[PDB]
Structures are given as structure tokens and as C-alpha cells.
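Chain letters run A, B, ... following the sequence lines, proteins first and then strands; every chain starts at 1.
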Amino acid sequence: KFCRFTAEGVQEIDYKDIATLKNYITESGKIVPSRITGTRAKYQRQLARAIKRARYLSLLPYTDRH
Amino acid sequence: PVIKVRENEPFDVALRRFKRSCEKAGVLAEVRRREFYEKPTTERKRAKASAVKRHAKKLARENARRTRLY
Amino acid sequence: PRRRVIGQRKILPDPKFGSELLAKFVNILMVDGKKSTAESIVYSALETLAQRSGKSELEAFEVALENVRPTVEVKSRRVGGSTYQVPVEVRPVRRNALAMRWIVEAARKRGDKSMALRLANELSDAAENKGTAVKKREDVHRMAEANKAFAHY
Amino acid sequence: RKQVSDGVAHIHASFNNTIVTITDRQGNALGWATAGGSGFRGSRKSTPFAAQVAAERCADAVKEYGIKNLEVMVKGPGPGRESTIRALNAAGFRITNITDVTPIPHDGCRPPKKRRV
RNA sequence: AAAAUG
RNA sequence: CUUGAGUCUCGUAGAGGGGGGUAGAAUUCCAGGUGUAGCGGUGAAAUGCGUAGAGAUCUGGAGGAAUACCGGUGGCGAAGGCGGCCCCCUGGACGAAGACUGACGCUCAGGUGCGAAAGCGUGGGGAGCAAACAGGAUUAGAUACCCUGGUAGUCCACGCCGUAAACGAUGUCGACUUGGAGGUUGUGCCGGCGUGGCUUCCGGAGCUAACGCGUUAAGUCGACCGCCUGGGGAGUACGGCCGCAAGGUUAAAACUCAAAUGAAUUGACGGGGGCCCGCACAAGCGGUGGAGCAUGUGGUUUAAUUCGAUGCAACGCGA
Ligand SMILES: [Mg+2]
Ligand SMILES: [Mg+2]
Ligand SMILES: [Mg+2]
Ligand SMILES: [Mg+2]
Ligand SMILES: [Mg+2]
Ligand SMILES: [Mg+2]
Ligand SMILES: [Mg+2]
Ligand SMILES: [Mg+2]
Ligand SMILES: [Mg+2]
Ligand SMILES: [Mg+2]
Ligand SMILES: [Mg+2]
Ligand SMILES: [Mg+2]
Ligand SMILES: [Mg+2]
Ligand SMILES: [Mg+2]
Ligand SMILES: [Mg+2]
Ligand SMILES: [Mg+2]
Ligand SMILES: [Mg+2]
Ligand SMILES: [Mg+2]
Ligand SMILES: [Mg+2]
Ligand SMILES: [Mg+2]
Ligand SMILES: [Mg+2]
């Protein structure tokens, strides 16, 4: 587990940081549960909002089947 | 789950990859759960029941830790 | 049964030919415990088959059995309120048991004079894939093939 | 008619039936077979074995096209999900891609009411 | 599958 | 006066509310291409759809509704409730340092406001779903359950209604009284050690009819309010008030019963679960049910057809 955002002092998760966000989505493009990646709940919420923002801007896919 | 069969990878192995990809994505569970409408009261009840029974089974585990059967 | 410690019974081989399998065939043909009667019937019919095949007694009997032995049968099972016929493989001992029983049954429903003649005629018919024993095997196979989809549980 | 050598098999695997359509890469149907149309009506129609026979019949229905490779598109929860793919591989086709295309709403329309059986 | 009553 | 209550300063988390915009998935529909005999549905079917080309598959378009994953006995809200993303307007909560006011508090009949779903009015909208309704099944019947369809309605604006097992079946405020493991959200110091807010589970004393509750009390106390007085009759009638209506609200009496009821205990039962057994199924072989006759019984007959046994456990039984 262990949370990579707590150990790095992240203020916000930055939807622009695609390289980081891609570690928190599956092959299908879905947000990985925080129980699998060990993210803290506060950072899991920030991360979901960032992923959805990036999906809106087409920096990330909603699905693997667009 | 989009599987592309790899060079020299046999058909059975690509099939197993496709199966694991489907299970990880949980497509079949999504289809099952979406076949009929589940009322919100029903869904909240079922979620609570799952949490309660998970907690109680761990209680059973941690407490059978002490008990000797013979 | 539920407990299942059924140990098999020893069958004395038939006196003339020393075959366990023909001994079981005599047992299947026998009625009312009259074993010598059944033995005379089988021996007479086997003499006839040997003459009409010019091959041997046991070998001609085996040809007939090979043509009557089923390989797959169906077993009923209720599933969702309906009744399914489930195809299953036949163990070899059951293969012989079914073949012998079917041949005896078919012989009994023939119209020839004595039982020995009916048995000889049925055995020859079987040797050329013709009589109602082989027909029974054919319908059993046909049912199993039609229900191949239910081979799983 | 025209030869293709690169086709797509679409497997519509519902709980009651299986439909196999082999199209070209542009989505134009070349042939099709179904479990129901392969000698299976009722309890037998919704079985993996019926789907396998349907896939065999569909491969026979496009033999004249000289199709060599196949991307497989699997849609639905039914029992003919993988038995069709096995049948398509065993008919000499080269499966180069297996994709699940079961449509999943991102919430969407309300499903029918639950059955009280 | 259906499956009432005393 | 400052300790209760409040104000200010900095910050924090949040599906809190109102308005507006937008994204992607999917269903349906419409147009066209490929293609051909089925599709769809069930326990099994049929109705239904399809050679006037369906279903399947691909492209283009229209439209409405909801926001997968995240997501969690997670969060926010007085309660009802609230879930994509973005903006605008806005409510509350909490924390750390202080500074300020100086009992400004608590509760609250009547009053007033808010208040799920369904329903009602006017005007829109209508994909999906779906009361009613129709057909097909099932059945002894089947005004159902199941299937194929399908209209209000579900959606929007505005108004009305004011009720729910609107539940923690637990009124609000405050104080006090051993613990344990978690969740979530702040903050001090240096992973550890503290310290606040909300929250889930377990449990001690005590309490409780028991079940249980147990620092978020159903323990120990104080303040104020609401409510109860056997079961039925009845939350009904009449009247009043409210409502467009549906109805809501306030709320009896006669008469009738000797109970009604709560929790827990032993059984028995279950078309509840689990594990076993039995010629219970299964795998087999031979019978009975048909015939003639023997025998017992029922019935009928008779002067009498003596009496008894008479689901399994009477009927070649007492005999
Ligand atoms: Mg349905
Ligand atoms: Mg009053
Ligand atoms: Mg409404
Ligand atoms: Mg209306
Ligand atoms: Mg309207
Ligand atoms: Mg219906
Ligand atoms: Mg009420
Ligand atoms: Mg509620
Ligand atoms: Mg309550
Ligand atoms: Mg109440
Ligand atoms: Mg108050
Ligand atoms: Mg407790
Ligand atoms: Mg009233
Ligand atoms: Mg009134
Ligand atoms: Mg049996
Ligand atoms: Mg008789
Ligand atoms: Mg008598
Ligand atoms: Mg007496
Ligand atoms: Mg008597
Ligand atoms: Mg008596
Ligand atoms: Mg008795």
C-alpha cells in the first residue's frame, strides 16, 4: 500500500500531470480503487477530480473503446 | 479489455489474457447488476449487509484465533 | 448405495469355453435359477453361430457384442423444473452388461421356434449390424448425440 | 465473390442465444450463424455447445471469401462467450485480436423491473 | 412448471 | 466578572443549497450500406418482430434521462435529502493563535417555515421505465406472479398537497461516569508522541421484563416541551379548520371482549440452511392392478347372514 502523495507533500494532484495519473487508471481507463493503490482518501478524491478533468480535455480516455 | 495476440503467443494464452482482462474490468458483474433496476432502498440495504457481514466474519476469524477445537 | 463398499462377486467361467463373459451371458439369459437350461440354450445357439460364421464361438459372440455395445447413454436430471437427458460415458463392464441384456431381450421378442434359434439369429443379425439389439444401441447413441450440449453439469 | 483475408467476427452472446456475424474490417457482413438456427431450440439454444456449432457454421458460411485472419468482438454475458472463440481458432482462422465490446452505460437509462419468480 | 383446503 | 453564548482574524474538508454551461458511455428512434432466415422470450411456451429483408454489423443524424469507475458502516445537510466536470451566487461546520462583547442563555403551547414518493393545476417535454389497459401463458379459476406490448406518471417551470416503518420506531439543551479497535477531518511538537471535530464496531459498571443500551446511554442528574392510560369499535363518525380534489388535521360515543400485548423458553413445523442414514431414489430382477379360482373385507341381501379388527400400524386379521 503506502500513499505516494502523502510521502511527497502534494498540495494538488494536477490533472495536467498525465504521467502520474496514468498509474491510477486501469487498462480500460477506469479509476483504480484506493484500497489497491494505497492512496489516502483525501488524495483519492483529488485524484478522481483530476482524472475527470483530464478526461474532459481529452488528455486521458474515458474508456479503452472510444 | 482489448487484447492483441502477441508474436509466438499461442491461442490459449491470448484467451487466458482476455479472460483475466474481462474479470479485472468486471464487465460480467456490470452486466449482471445492470439487468434489472434495483431500488435505492434495496441497494443501500445490500451495501450495508455486505459491510456488516464482512466485519462480522473478521470478528469470527480473530476470535476463533483463541479457540482450540481439540 | 449411500455407504458403497460393494465388492464384486466372483463368476465361475462357463464350463465348455472357460469364459467369464459368456458365463455372465448365461446368467443374463437364465430364468428362475435354471442355469443348465440357459447353458444349453447358449451352447446350442453358439454352435449354430459358429457354423453360420465359420469363425469360432467366442470370436463370433465378440463380433456381435462389439456391434451392440454402447459407448454413451443418457441419464435424466431435473434442472429448472424441466427434465434434461444428460449424456454420460458407459464404463466397459456396463458396456458388456447392456450389450448382453439387449441381445437377450431382442432374442426373446423374436418369432423363431426355440430360444436357441432366436438367440443364434439375433447374434448373427448383430454380427452384421441388423437386429433390434443394434437398433437399441443406435437409438441410445442418437439420444446421447442429440443431447451432447448437456454433457456438463 | 471478392476475397478478404482479414475479417472481424462479432459474437453477440446473450443469455438466450448466440449470434456470430463475420464482417470485413469495414463492418460489412459476409456471413452469419446463430445457435438457434443451428438445430438448437430452447434449453439447448442457450448452451456453450450450441454457440460452438453456430461459430463452426458461420466459418463454413464465409469459406468462399478466403478469410485468413480474424479480430474477435465479444458482446454480452451469455454462455457462448468463449466457446465461439475456441471454435473460430479451431477452424484454422488466425485470431489476431480479442476485444470485449459489451456496452456499459456510465449510468444511463433505467433497466426493467426485477422479476418476482 | 403448477402445488388449494382441513 | 468571564467560564455559557456570541463577534473578528487565518485556514481546512465536504454528493450543503440555488442558477447556468458542458463532457463521455449507453438505450431508443430516423436514414443509408453489407447481409440472410431467423430474432425475441420462458421453467416450457406463446403472443410479438422478420423475406414488404428482421436480428446481427458499420456509418451519419435526432432526442430525452441518468452520471460507470472513483465509492468507502466515506462525506455534507435541521429533517426531508444531496453524487460526472466547469463557472456564478450562497448556507453551515471545524481547527490554531489571539483580540473583542459581557449571561446577550436553554426550551417552547399557539404561530410560522421546510418537508420522500405518490397525487393535483397550468404550460412544456417524453429516450428508458412503467400504475391503468391489451394480448400470450400458468391455473380448477388467475381480474396475479411470468412473457410481449403499453398510457398516466417518472423529467422541466410555477403553484398546490403536507403525508411515509418521514425509523435510531430513541424530543431539545447542559453537566458527570472504567475501556478497546477503526474510519474521516483539523492542528502542536519532534516515523513516534500529543491535542480538537464528526463517525463505525465491541464492551465494563450501571440500567433493562428481557432483548439489549452502554461517554454519540436505554447509566447518573438538571431545564423545557410533546405524548400514553386494556383489546376492538376508531384515528372512524359528526362538527370545525385546511385543500381544486385526493384528502389532511382536530377528534368522540354506543356497543362488545377478558383479554390484547412485549421479550424470552422448550418443542413442533418450514415449498429455511448444513451434515448423515434407510431397497428412499438410482441401477436392476420378479410381481400386483387385466383372467379364472381361493380367501378376507365393504356393501347389499336375509329369519339370521353372530361378535370383534377396520390410514401406514384392519382387510388368508382374532380364527
Ligand atoms: Mg425481461
Ligand atoms: Mg396543544
Ligand atoms: Mg413528485
Ligand atoms: Mg403534472
Ligand atoms: Mg405536464
Ligand atoms: Mg409487464
Ligand atoms: Mg404520521
Ligand atoms: Mg428516512
Ligand atoms: Mg429517531
Ligand atoms: Mg414516530
Ligand atoms: Mg428548538
Ligand atoms: Mg455495546
Ligand atoms: Mg380522519
Ligand atoms: Mg374531519
Ligand atoms: Mg428404481
Ligand atoms: Mg386380479
Ligand atoms: Mg364381519
Ligand atoms: Mg364388543
Ligand atoms: Mg366395530
Ligand atoms: Mg373397537
Ligand atoms: Mg392399528
Side-chain angles (χ1 to χ4, degrees), chain A residues 15 24-26 28-35 37 39-42 44-58 61-63 65-66, chain B residues 25-27 30 33-34 36-37 39-41 44 47-56 58-59 62-63, chain C residues 1-3 6 28 30-32 75-83 94 97-98 101, chain D residues 8-12 14-38 41-43 45-46 58 61-62 73 75 101-113 115-117:
Chain A
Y15 72 94
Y24 294 99
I25 68 201
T26 70
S28 301
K30 301 166 79 201
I31 303 163
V32 182
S34 88
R35 57 182 233 267
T37 64
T39 308
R40 284 157 32 84
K42 186 192 203 176
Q44 181 72 25
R45 301 196 294 278
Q46 287 181 2
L47 154 64
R49 300 190 278 261
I51 284 166
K52 289 152 179 180
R53 289 169 190 131
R55 281 168 177 174
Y56 170 69
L57 288 172
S58 221
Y62 284 88
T63 83
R65 209 212 308 146
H66 278 289
Chain B
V27 300
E30 289 298 352
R33 109 185 181 193
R34 281 171 189 278
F36 306 105
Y37 185 62
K39 261 182 64 203
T41 178
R44 291 190 302 267
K48 170 69 94 46
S50 86
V52 160
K53 195 158 260 325
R54 179 169 347 134
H55 199 49
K58 321 298 194 65
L59 248 65
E62 276 138 340
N63 303 343
Chain C
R2 289 197 185 287
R3 284 258 181 53
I6 306 306
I28 284 148
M30 173 174 63
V31 297
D32 296 329
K75 226 158 55 193
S76 277
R77 190 177 159 174
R78 214 164 142 278
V79 167
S82 268
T83 311
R94 191 167 162 71
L98 291 175
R101 173 194 319 168
Chain D
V8 181
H10 301 268
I11 321 282
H12 188 99
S14 80
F15 281 122
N16 287 330
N17 204 358
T18 306
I19 296 163
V20 180
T21 325
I22 298 202
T23 73
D24 57 36
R25 305 249 298 150
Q26 290 68 47
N28 304 296
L30 307 190
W32 64 264
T34 75
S38 294
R41 287 321 299 198
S43 38
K45 177 170 57 130
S46 71
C58 191
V62 305
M73 301 294 281
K75 182 183 307 214
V101 288
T102 313
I104 316 269
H106 295 177
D107 248 13
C109 298
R110 166 176 191 126
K113 72 199 195 152
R115 306 176 74 235
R116 309 187 288 282
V117 227

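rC307(F) and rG296(F) are spaced 16 Å apart, taking the P atom of each and rounding to whole Å. With P as the reference atom, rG111(F) and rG226(F) are 13 Å apart, rounded to whole Å. Straight-line distance between the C1' atoms of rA164(F) and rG74(F): roughly 28 Å, to the nearest whole Å. Using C1' as the reference atom, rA264(F) and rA253(F) are 40 Å apart when rounded to the nearest Å. Here the separation of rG191(F) from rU184(F), taken at their P atoms, is 14 Å to the nearest Å.
In this view, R110(D) satisfies the salt bridge (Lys or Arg N to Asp or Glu O under 4.0 Å) rule with no residue, not counting sequence neighbours. Partners of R77(C) according to the salt bridge (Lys or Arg N to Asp or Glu O under 4.0 Å) rule, which considers only residues two or more places apart in sequence or in another chain, do not exist here. In terms of the salt bridge (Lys or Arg N to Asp or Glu O under 4.0 Å) criterion, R101(C) has no residue partners (sequence neighbours excluded). A search for side chain to side chain donor-acceptor pair (under 3.5 Å) contacts involving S50(B) returns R54(B), not counting sequence neighbours. With sequence neighbours excluded, the residues that form a side chain to side chain donor-acceptor pair (under 3.5 Å) with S76(C) are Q85(C). In terms of the side-chain contact (heavy atoms from CB on, under 4.5 Å) criterion, residue partners of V32(A) (sequence neighbours excluded) are, by chain and number, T26(A), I36(A), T37(A).
Base stacking between strand neighbours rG4(F) and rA5(F) is present, with six-membered ring centres closer than 5.5 Å and ring planes inclined by less than 30 degrees. Under the 5.5 Å centre and 30° plane thresholds, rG136(F) stacks on its strand neighbour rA137(F). For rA31(F) and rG32(F), a centre-to-centre distance below 5.5 angstrom and a plane angle below 30 degrees are both found for the six-membered base rings. Stacking between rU301(F) and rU302(F) holds: their six-membered rings sit with centres below 5.5 angstrom apart and planes below 30 degrees. Base stacking between strand neighbours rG298(F) and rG299(F) is detected by the criterion of six-membered ring centres within less than 5.5 Å and interplanar angle below 30°.
For the salt bridge (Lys or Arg N to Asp or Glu O under 4.0 Å) condition, the pairs that include at least one residue of residues 15-36 of chain D, sequence neighbours left out, are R25(D)-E71(D).
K113(D) has its NZ atom 12 Å from the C1' atom of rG150(F), to the nearest Å. The CZ-P distance, from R94(C) to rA283(F), rounds to 8 Å in whole Å. Counting to the nearest Å, the P atom of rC129(F) and the OH atom of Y37(B) are 14 Å from each other. Between the CD atom of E30(B) and the P atom of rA26(F) there is a distance of 14 Å, rounded to whole Å. Atom P of nucleotide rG84(F) and atom CD1 of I31(A) are separated by 13 Å, given to the nearest angstrom. Atom-to-atom, CZ of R35(A) to P of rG183(F) comes out at 16 Å; the value is rounded to the nearest Å. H66(A) has its NE2 atom 17 Å from the P atom of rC69(F), to the nearest Å. In this structure, CZ of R34(B) is placed 15 Å from P of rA25(F), rounded to the nearest angstrom.
OP1 or OP2 of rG182(F) has not a single side-chain nitrogen or oxygen of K58(B) nearer than 4.0 Å. For the pair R44(B) and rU73(F), the criterion of a side-chain N or O lying under 4.0 Å from OP1 or OP2 is not met. Between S34(A) and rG71(F) there is a side-chain polar atom (N or O) within less than 4.0 angstrom of OP1 or OP2.
Comparing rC146(F), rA26(F), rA23(F) by their closest approach to the side chain of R116(D) singles out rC146(F). The nucleotide whose nearest atom lies closest to any side-chain atom of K52(A) is, among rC70(F), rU73(F), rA56(F), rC70(F). In this structure, the nucleotide among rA283(F), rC202(F), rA26(F) sitting nearest to the side chain of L59(B) is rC202(F). Listed candidates were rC86(F), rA130(F), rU73(F). Nearest to the side chain of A47(B) is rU73(F). Here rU184(F) is the nucleotide among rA56(F), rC85(F), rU184(F) with the atom lying nearest to any side-chain atom of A41(A). In this structure, of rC129(F), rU22(F), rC69(F), it is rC69(F) that holds the atom nearest to the side chain of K30(A). Minimum atom distance to the side chain of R2(C) is reached by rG278(F), of the listed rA26(F), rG278(F), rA25(F). Candidate nucleotides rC85(F), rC201(F), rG24(F) were compared by shortest atom distance to the side chain of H55(B), and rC201(F) ranks first.
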Do any N or O atoms of the protein come closer than 3.5 Å to N or O atoms of nucleotides 61-67 of chain F, and which pairs are they?
from    : atom 1 : to      : atom 2 : distance (Å)
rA66(F) : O2'    : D107(D) : OD2    : 3.0
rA66(F) : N3     : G108(D) : N      : 3.3
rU67(F) : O5'    : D107(D) : OD2    : 3.0
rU67(F) : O4'    : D107(D) : OD2    : 3.4

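Nucleotides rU28(F) and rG232(F) fail the pairing criterion: they make neither a Watson-Crick nor a G-U wobble pair with both donor-acceptor distances under 3.5 Å. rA99(F) and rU7(F) are base-paired: they meet the Watson-Crick or G-U wobble geometry, with both hydrogen-bonding distances under 3.5 Å.
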Side-chain polar contacts of residues 16-23 of chain D - donor-acceptor pairs under 3.5 angstrom, sequence neighbours left out - could you list them?
from   : atom 1 : to     : atom 2 : distance (Å)
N17(D) : OD1    : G36(D) : N      : 3.1
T23(D) : OG1    : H10(D) : NE2    : 3.1

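When each of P103(D) and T21(D) is assigned the nucleotide of RNA chain F with its nearest heavy atom, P103(D) is the one assigned upstream, toward the 5' end. Comparing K48(B) and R65(A) by the nucleotide of RNA chain F that holds the closest heavy atom to each, the one mapping nearer the 5' end is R65(A).
Nearest approach of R55(A) to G29(A), heavy atoms of both residues: NH2-O, 2.7 Å.
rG141(F) takes the anti form, because its glycosidic angle lies more than 90° either side of 0. Taking the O4'-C1'-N9-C4 or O4'-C1'-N1-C2 dihedral as appropriate, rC104(F) has a value within 90° of 0 and is therefore syn. With its glycosidic angle more than 90° from 0, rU9(F) is assigned anti.
For the contact set between residues 44-51 of chain A and RNA chain F, defined by any heavy atom under 4.0 Å, the members are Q44(A), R45(A), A48(A), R49(A).
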(request) Take nucleotides 34-44 of chain F nucleotide by nucleotide from the 5' end and write B, S or -, depending on whether a protein heavy atom sits under 4.0 Å from the base, only from the sugar-phosphate, or from neither. (result) BSBSSSBBSSS
(request) State the dot-bracket string of RNA chain E. Criteria: Watson-Crick or G-U wobble, both atom distances under 3.5 angstrom; notation: ( ) intrastrand, [ ] crossing earlier pairs, | interstrand, . unpaired. (result) ......
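Using a 4.0 Å heavy-atom criterion, one finds that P61(A) contacts no nucleic acid atom at all.
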